[PDB]
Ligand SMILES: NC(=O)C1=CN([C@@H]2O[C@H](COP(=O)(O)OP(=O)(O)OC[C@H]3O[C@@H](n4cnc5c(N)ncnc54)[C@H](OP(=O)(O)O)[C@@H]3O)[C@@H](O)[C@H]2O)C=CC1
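Below, in C-alpha cells: the form deposited without the named molecule, a single chain.
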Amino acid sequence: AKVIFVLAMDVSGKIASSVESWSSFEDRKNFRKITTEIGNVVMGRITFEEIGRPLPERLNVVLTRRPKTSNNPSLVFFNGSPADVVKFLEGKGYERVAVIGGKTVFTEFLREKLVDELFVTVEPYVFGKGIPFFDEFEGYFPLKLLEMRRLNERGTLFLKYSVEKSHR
C-alpha cells in the first residue's frame, strides 16, 4: 500500500502552534474529503489527544507502545512499527494509508523511509513557536510537485508531492 502524509503547516514548517483558528475552513473541508476517500488515518498519541474523538467515517489507528483498547470498532490502538501498521491496514483492504500527524509518528515513518506522497497544505502564517513537522532523520527525500491548488482568497495552498524514487 502507498503511504501518504497529509498535513497542514505554516510557512516555517510547524504543524501545530498556540495561534487560534489558523486552520482554514477550506483546508479542513479538503482534509475530510481526502482522508474519508482514503478511508483510514494513522496518528500519534499526541495528535489523538489533540483531536479528542475518532474521526468519523474513517478507521482511526493510534500508534502507541502501551497496549490500549477501545470500545469503538472505528478506533484502534496499535502497538507496532510503521511497517507493521501498513501491513495491518492492507489486511483490512486498504491500498492507501494516510498518516496525519504527530511530530513523533511523522519522524518514525521518515526514518523508516515509508512515505510515497506528501499532501501538504500551507496556511498563510509564520508561527514564532510551534511543533515542527518532524525531529530529524539521516538523509533527505527528493520530491516532484504533482499539483498545487489555491484553496481560498487569503492564500491557503494545497500542494501534492510524490517522493522521487530511482527505478529500473
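Residue numbers run from 1 along the displayed sequence.
What follows is about the form solved in complex with the named molecule, which we do not show.
Blocked site. The named molecule, superposed from its pose in the bound PDB entry, has 3 or more atoms within 2.4 Å of backbone or C-beta atoms of the chain shown. Mapping the unseen interface onto this chain, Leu7 counts among the residues with a heavy atom inside 4.5 Å of the named molecule in the bound PDB entry.
Contact check for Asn79: a non-hydrogen atom falls within 4.5 Å of the named molecule in the bound PDB entry.
Among heavy atoms of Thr47, some come within 4.5 Å of the named molecule in the bound PDB entry. The named molecule is not drawn, but in the bound PDB entry it has a heavy atom within 4.5 Å of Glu108. Residues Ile46, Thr47, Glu50, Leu63, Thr64, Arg65, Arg66 are the members of 46-66 with a non-hydrogen atom no more than 4.5 angstroms from the named molecule in the bound PDB entry.
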